Amino acid sequence: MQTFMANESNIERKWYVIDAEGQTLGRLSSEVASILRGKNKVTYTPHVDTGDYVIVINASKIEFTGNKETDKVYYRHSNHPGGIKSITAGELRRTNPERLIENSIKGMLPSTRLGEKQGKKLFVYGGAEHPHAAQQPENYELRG
Amino acid sequence: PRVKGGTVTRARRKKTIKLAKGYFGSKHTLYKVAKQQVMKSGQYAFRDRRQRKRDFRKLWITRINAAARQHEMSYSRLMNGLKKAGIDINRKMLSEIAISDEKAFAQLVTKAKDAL
Amino acid sequence: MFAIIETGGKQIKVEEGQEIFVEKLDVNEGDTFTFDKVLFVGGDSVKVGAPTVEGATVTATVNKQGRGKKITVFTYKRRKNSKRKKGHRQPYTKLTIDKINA
RNA sequence: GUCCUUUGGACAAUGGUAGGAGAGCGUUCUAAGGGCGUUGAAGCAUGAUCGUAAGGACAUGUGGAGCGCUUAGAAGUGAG
RNA sequence: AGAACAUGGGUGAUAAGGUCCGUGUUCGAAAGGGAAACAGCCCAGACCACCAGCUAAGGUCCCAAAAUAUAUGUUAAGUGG
RNA sequence: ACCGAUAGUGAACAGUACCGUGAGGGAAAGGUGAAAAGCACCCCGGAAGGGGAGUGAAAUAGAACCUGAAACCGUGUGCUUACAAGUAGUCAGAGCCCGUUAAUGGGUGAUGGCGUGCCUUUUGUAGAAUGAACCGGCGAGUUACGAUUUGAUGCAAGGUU
């Protein structure tokens with residue numbers, strides 16, 4: 001005086017549903033990353049995991065702007081000599097678009113062990129159908 | 001007369017070795033490495049006593065901002081409105097009330113809001 | 001039920017019957033100190049003091065004037081032969097609330 | 001420090017290498033005065049104690065004959 | 001044994017993180033914030049405590065605090081003719 | 001107002017062990033107890049070594065014998081650990097186990113933030129520049145005589161042998 005709530009321990013996590021139709025990849029991505037992070041709770045501490053689950057289901061009506069489809073190559077290396085591989089944004093969205101969305105969510109999260117855990121509260125589906133009815137998921141609308 | 005370099009040397013070295021307790025391996029057992037770590041940690045503590053103040057202010061501001069968007073307002077706009085109302089409550093106080101009594105926090109938000 | 005007082009250079013949330021630690025006050029042990037600067041009254045009826053609440057006193061009884069846990073302040077510079085070492089204990093006063101007025 | 005000098009109300013000040021100035025802490029030995037010790041000295045080990053720092057106590061266990069304090073003096077007087 | 005920077009000049013090639021003078025600043029001997037990291041650049045000079053407040057340079061979508069703020073315009077290029 | 005066994009003689013038990021063709025060089029190594037009363041006897045064992053029992057104020061005083069630090073090596077246990085990227089600390093902080101020179105108590109620590117050892121030498125060193133395996137002991141502005149300048153004290157046209 002130390003009069004200060006920190007002990008989030010024993011928190012209450014909920015379940016959310018966002019849909020991807022006609023949104024921008026980055027902007028949806030940043031709002032979802034904030035929810036998974038827990039930045040919207042008056043009770044927020046960075047050392048324990050507050051924050052809650054997010055379900056993305058259309059993941060095929062993702063919208064780019066400009067020439068993102070042919071540009072925006074993605075790269076990876078296999079640690080094997082000359083082993084650089086690549087794929088362009090449009091055909092990654094056309095085959096495995098779930099990877100397209102979850103990669104750009106997880107690139108917006110801390111790369112600690114807590115952050116890689118918070119990225120595991122994410123479920124992405126191409127098409128408007130998901131299995132999680134026992135969790136009682138609620139619709140959330142992008143409050144930009 | 002002749003002095004011996006006697007019992008004083010151990011006492012001085014044993015204080016540092018005790019003060020290095022809990023460190024890893026040689027860090028808590030050997031005097032030269034323990035002395036280095038015990039002076040390194042003393043310089044860490046100075047810097048980190050300064051850093052606590054700014055860390056908790058950052059946390060208080062982020063929790064008030066979370067509480068503000070619930071009542072459809074931004075942190076910056078809220079604090080400006082409170083300044084114009086004259087309210088003298090504090091970042092830490094504003095977080096502790098917003099966590100314990102939401103109904104007291106809502107009246108503050110309305111007075112901060114029609115002050116604008 | 002709870003009040004906000006501004007004492008020392010800091011603000012504290014208090015309730016009837018709890019213990020607080022503040023910067024030193026000119027008082028002796030046993031006495032009763034009364035706080036003036038009240039900023040918020042969180043009761044059934046809520047009073048907001050944008051400057052002050054105009055009234056609003058909090059009563060407390062002094063017990064244990066004391067001096068705090070000791071910290072060693074140590075700093076050094078690497079290949080320069082300068083270092084400094086000193087000790088500090090901060091004084092405090094311990095209080096228990098009995099009254100929240102308005 | 002400063003100066004009204006109520007030495008307190010203020011007017012202050014207080015990063016630092018070569019280097020200059022000040023004030024102190026501990027070690028061994030001597031003088032004088034007072035102390036302690038087989039109902040347990042010095043040394044060793046542990047503790048959550050005290051002092052602004054160098055450092056000082058006290059309790060307990062081990063040890064089995066020596067050792068503090070106050071004022072002064074003299075140095076083979078402090079190691080990474 | 002000095003160093004970088006901006007401005008005035010010689011030398012060199014209107015070269016050099018080159019070299020030689022002059023006028024300032026900073027490092028040397030200076031912790032803190034910004035420039036990703038980064039003695040010498042921008043802001044600023046640490047007696048000690050605090051889970052108080054206002055600001056500087058730089059900033060306010062996520063990492064990572066603070067405007068997905070207004071009103072009004074340019075850009076379609078993504079980061080010798 | 002000299003040293004106390006790395007000191008003081010090289011030498012407290014030696015010009016010896018040892019080294020060299022020779023002239024020659026040249027160490028390390030003190031301590032049972034007041035008194036040997038220095039452990040009769042039984043048990044395991046080829047023995048060494050141990051376990052009892054005994055003597056003693058005391059055998060973790062038993063000859064490797066006063067005390068017995070640290071490095072280093074072990075046995076047991078409270079908390080913690082097999083998705084994790086590191087100068088190993090510091091600041092925050094749950095969970096579990098405790099109970100002190102009782103006091104804003106102690107141990108350990110999921111998880112978050114920040115963070116390139118020390119000394120030397122350099123314009124500039126995390127530096128891939130130097131030095132140090134670790135721990136213990138020892139290891140570097142001194143004294144004599146003169147000179148100058150400060151402080152103190154006595155006497156003063158004198159002062160001092």
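The sequence lines fix the lettering, A, B, ..., with proteins before strands; numbering per chain opens at 1.
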(message) Quick check on the hydrophobic clustering: are A/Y140 and A/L122 connected, directly or via other members, by side-chain heavy-atom contacts under 4.5 Å?
(response) yes
(message) Between A/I11 and A/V42, is there shared hydrophobic-cluster membership here, with clusters defined by ILVMFWY side-chain heavy atoms closer than 4.5 Å?
(response) no
Donor-acceptor contacts under 3.5 Å from residues 45-74 of chain A side chains, at least two apart:
from, atom 1, to, atom 2, distance (Å)
A/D49, OD1, A/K121, NZ, 2.5
A/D49, OD2, A/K121, NZ, 2.9
A/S60, OG, A/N58, O, 3.2

(request) For A/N79, enumerate each residue passing the side chain to side chain donor-acceptor pair (under 3.5 Å) test, keeping only those at least two apart in sequence or located in another chain. (result) none
Spatial distance of atom [atom1] ([X]) from atom [atom2] ([Y]) [nearest 0.5 Å]:
{"X": "B/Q37", "Y": "B/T16", "atom1": "CD", "atom2": "OG1", "answer": "12.5 Å"}
{"X": "A/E12", "Y": "A/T43", "atom1": "CD", "atom2": "OG1", "answer": "10.0 Å"}
{"X": "A/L25", "Y": "A/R27", "atom1": "CG", "atom2": "CZ", "answer": "11.5 Å"}
{"X": "C/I12", "Y": "A/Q2", "atom1": "CD1", "atom2": "CD", "answer": "11.0 Å"}

Backbone N or O of [Y] within a donor-acceptor pair of the [X] side chain at under 3.5 Å?
{"X": "B/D101", "Y": "B/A104", "answer": "yes"}
{"X": "B/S95", "Y": "B/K92", "answer": "no"}
{"X": "C/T32", "Y": "C/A60", "answer": "no"}

Listed by chain and number, what are the side-chain contact (heavy atoms from CB on, under 4.5 Å) partners of [X], not counting sequence neighbours?
{"X": "A/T112", "answer": "A/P110, A/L114"}
{"X": "A/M108", "answer": "A/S29, A/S30, A/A33"}
{"X": "C/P91", "answer": "C/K24"}

(request) Anything under 30° is parallel, anything over 60° is perpendicular, the rest tilted; go ahead and classify B/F105 against B/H71. (result) perpendicular
(request) Mind jotting down which residue pairs meet the salt bridge (charged side-chain N to carboxylate O under 4.0 Å, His left out) criterion with at least one end in residues 106-117 of chain A? Sequence neighbours excluded, please. (result) A/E102-A/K106
(request) Return each pair, listed once, that meets salt bridge (charged side-chain N to carboxylate O under 4.0 Å, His left out) where at least one residue sits in residues 43-68 of chain B; pairs must be two or more places apart or across chains. (result) A/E8-B/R63
(request) Kindly state each residue pair satisfying ring-ring contact (aromatic ring centres under 6.0 Å, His included) with at least one member in residues 7-58 of chain B, sequence neighbours excluded. (result) A/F4-B/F56
(message) Suppose the criterion is ring-ring contact (aromatic ring centres under 6.0 Å, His included): which pairs have a residue in residues 100-135 of chain A, not counting sequence neighbours?
(response) A/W15-A/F123, A/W15-A/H132, A/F123-A/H132
(message) Enumerate the side-chain hydrogen bond (donor to acceptor under 3.5 Å, both in side chains) contacts for residues 2-23 of chain C, please, sequence neighbours excluded, ordered by first and then second residue.
(response) C/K10-C/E23, C/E19-C/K94, C/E23-C/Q90
(message) Taking side-chain hydrogen bond (donor to acceptor under 3.5 Å, both in side chains) as the cut-off, I'd like each qualifying pair that reaches into residues 68-87 of chain C, sequence neighbours left out, listed once.
(response) none
(message) Is it the case that over 12 heavy atoms from other parts of the model lie below 6.0 angstrom from the NE2 atom of A/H77?
(response) yes
Check: residues 4-11 of chain B side-chain donor-acceptor pairs under 3.5 Å, at least two apart:
none

